[PDB]
Engineer: 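Structure below; questions to follow.
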Amino acid sequence: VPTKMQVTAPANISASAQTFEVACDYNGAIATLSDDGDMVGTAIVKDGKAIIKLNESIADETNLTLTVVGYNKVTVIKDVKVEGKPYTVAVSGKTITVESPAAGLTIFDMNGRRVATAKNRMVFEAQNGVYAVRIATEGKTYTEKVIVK
């Protein structure tokens with residue numbers, strides 16, 4: 001029968017984060033952040049903590065799952081909120097056009113850095129790579145992920 005381990009982690013993570021710290025009383029447990037499969041970073045617990053280095057930007061996510069697994073331990077799972085229909089996000093060559101009347105718009109580069117903020121509409125002049133767009137309306141934030149060639 002497996003035993004329990006203690007796990008403490010934040011309930012929220014910045015859209016711009018590069019790391020996520022997990023405390024755990026079982027050294028050698030593995031703590032992983034994921035979006036429905038897509039594993040976005042993993043670290044082993046050493047000296048009571050795992051410092052997860054993200055392997056990609058999570059700015060295109062509104063939630064992530066934290067899972068901590070240990071040998072003969074009960075797995076621990078926690079939901080983590082990521083914080084930065086009625087919109088469009090358009091790509092044309094190196095431009096990204098975002099439109100959503102009354103909404104806060106933000107774009108993040110592939111390192112998670114916030115590169116643009118505007119209300120209602122913006123055209124962003126991008127470079128080759130992958131961007132996240134977050135569209136914050138009253139009640140709800142939507143996201144899209146954009147490839148610029």
Side-chain angles (χ1 to χ4, degrees), residues 1-91 94-98 100 103-118 122 124-149:
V1 155
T3 59
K4 305 297 169 49
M5 58 190 168
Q6 301 293 300
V7 168
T8 303
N12 306 84
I13 186 180
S14 177
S16 285
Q18 309 239 69
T19 62
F20 186 68
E21 189 152 336
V22 175
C24 176
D25 69 351
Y26 184 69
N27 290 325
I30 307 280
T32 297
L33 286 167
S34 64
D35 165 38
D36 196 56
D38 182 358
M39 172 171 303
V40 299
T42 303
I44 181 170
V45 171
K46 303 178 279 197
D47 194 38
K49 287 95 75 197
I51 306 324
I52 290 159
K53 299 177 197 81
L54 300 172
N55 69 36
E56 64 174 27
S57 173
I58 51 150
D60 59 319
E61 306 286 358
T62 55
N63 299 88
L64 292 171
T65 307
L66 169 68
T67 308
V68 180
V69 170
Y71 181 70
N72 284 145
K73 300 284 175 179
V74 183
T75 291
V76 178
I77 297 156
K78 183 163 193 175
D79 189 63
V80 184
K81 178 169 178 39
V82 187
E83 328 171 281
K85 183 86 232 152
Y87 60 90
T88 71
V89 173
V91 62
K94 312 265 210 278
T95 66
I96 300 183
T97 298
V98 183
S100 189
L105 314 174
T106 290
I107 296 184
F108 296 76
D109 73 15
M110 59 176 40
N111 286 117
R113 178 166 66 82
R114 190 180 64 173
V115 291
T117 300
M122 56 159 133
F124 174 76
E125 300 190 346
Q127 303 291 339
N128 172 281
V130 181
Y131 290 86
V133 180
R134 301 181 69 90
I135 300 98
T137 71
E138 281 256 291
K140 191 167 209 300
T141 298
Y142 306 91
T143 62
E144 290 302 339
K145 186 173 150 179
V146 176
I147 301 173
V148 175
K149 285 127 85 67

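Throughout, numbering of the chain's residues begins at 1 and tracks the sequence. Heavy atoms only: backbone and side chains are in, while hydrogens, waters and symmetry mates are out.
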Engineer: Should the heavy atoms of other residues, nucleotides or ligands under 6.0 Å from CD of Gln6 be counted, would the total exceed 12?
Structural biologist: no
Engineer: If you look only at pairs with a residue in residues 10-34, which of them pass as a ring-ring contact (aromatic ring centres under 6.0 Å, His included), with sequence neighbours excluded?
Structural biologist: none
Engineer: Between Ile96 and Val89, is any pair of side-chain heavy atoms under 4.5 Å apart?
Structural biologist: yes
Engineer: Does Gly48 offer a backbone N or O that forms a donor-acceptor pair with the side chain of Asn27 under 3.5 Å?
Structural biologist: yes
Engineer: Just verifying a value: how many Å separate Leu64 CG and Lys81 NZ, rounded to the nearest 0.5 Å?
Structural biologist: 11.0 Å
Engineer: Report the distance from atom OG1 of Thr88 to atom CD of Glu144, rounding to the nearest 0.5 Å.
Structural biologist: 10.0 Å
Engineer: For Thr62 and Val82, run side chain to side chain contact (heavy atoms under 4.5 Å, CB included): C-alpha distance rounded to whole Å, both residues' side-chain angles, the deciding distance at 0.1 Å, then the answer.
Structural biologist: CA-CA 5 Å; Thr62 55; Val82 187; 5.5 Å; no
Engineer: If a pair satisfies ring-ring contact (aromatic ring centres under 6.0 Å, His included) and one of its residues is in residues 55-89, list it, with sequence neighbours excluded.
Structural biologist: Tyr87-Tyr142
Engineer: Verify, without hydrogens or angle tests, whether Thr106 (side chain) and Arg134 (backbone) share a donor-acceptor contact under 3.5 angstrom.
Structural biologist: no
Engineer: What side chain to side chain donor-acceptor pair (under 3.5 Å) pairs are there with at least one residue in residues 34-57, not counting sequence neighbours?
Structural biologist: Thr32-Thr42
Engineer: Specify the closest pair of heavy atoms between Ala17 and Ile58, including all atoms of both residues, with the distance to one decimal.
Structural biologist: CB-CD1, 4.5 Å
Engineer: One pair to check against side chain to side chain contact (heavy atoms under 4.5 Å, CB included): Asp60 and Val130. What are the steps and the verdict?
Structural biologist: CA-CA 10 Å; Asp60 59 319; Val130 181; over 6 Å; no
Engineer: Which residues pass the side chain to side chain donor-acceptor pair (under 3.5 Å) test with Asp109, sequence neighbours left out?
Structural biologist: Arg113
Engineer: Do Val91 and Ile147 have side chains that get closer than 4.5 Å, going by heavy atoms?
Structural biologist: no
Engineer: Is it the case that the side chain of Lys94 and the backbone of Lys149 share a donor-acceptor pair, with hydrogens and angles ignored and the cut-off at 3.5 Å?
Structural biologist: yes
Engineer: Which atom names give the shortest non-hydrogen contact between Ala15 and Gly84, and what distance separates them?
Structural biologist: CB-CA, 3.8 Å
Engineer: Enter the distance from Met39:CE to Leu33:CG here, rounded to the nearest 0.5 Å.
Structural biologist: 10.0 Å
Engineer: What distance separates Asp25 CG from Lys4 NZ, expressed to the nearest 0.5 Å?
Structural biologist: 12.5 Å
Engineer: Under the side chain to side chain donor-acceptor pair (under 3.5 Å) test, which residues partner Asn63, sequence neighbours left out?
Structural biologist: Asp79
Engineer: Quick one: do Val22 and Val45 satisfy side chain to side chain contact (heavy atoms under 4.5 Å, CB included)? Show the steps, please.
Structural biologist: CA-CA 8 Å; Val22 175; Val45 171; 5.6 Å; no
Engineer: Would you say the side chain of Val68 lies within less than 4.5 Å of the side chain of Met5, judging by non-hydrogen atoms?
Structural biologist: yes
Engineer: Provide the closest heavy-atom pair for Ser100 versus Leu105 in the form atom of the first, atom of the second, distance.
Structural biologist: CB-CD2, 4.1 Å
Engineer: Are side-chain heavy atoms of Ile52 and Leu66 found at a separation under 4.5 Å?
Structural biologist: yes
Engineer: Please step through side chain to side chain contact (heavy atoms under 4.5 Å, CB included) for the pair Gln18 and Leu54, ending with a clear verdict.
Structural biologist: CA-CA 5 Å; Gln18 309 239 69; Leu54 300 172; 5.7 Å; no
Engineer: Identify the two heavy atoms, one from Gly112 and one from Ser16, that lie closest to each other, and give their separation to 0.1 Å.
Structural biologist: O-OG, 2.8 Å
Engineer: Would a distance-only check, ignoring hydrogens and angles, find a side-chain to backbone donor-acceptor pair under 3.5 Å from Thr75 to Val69?
Structural biologist: no
Engineer: How close do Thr143 and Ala59 get, counting heavy atoms only, and between which atoms?
Structural biologist: CG2-O, 4.2 Å
Engineer: Sequence neighbours excluded, which residues qualify as side chain to side chain donor-acceptor pair (under 3.5 Å) partners of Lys73?
Structural biologist: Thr3
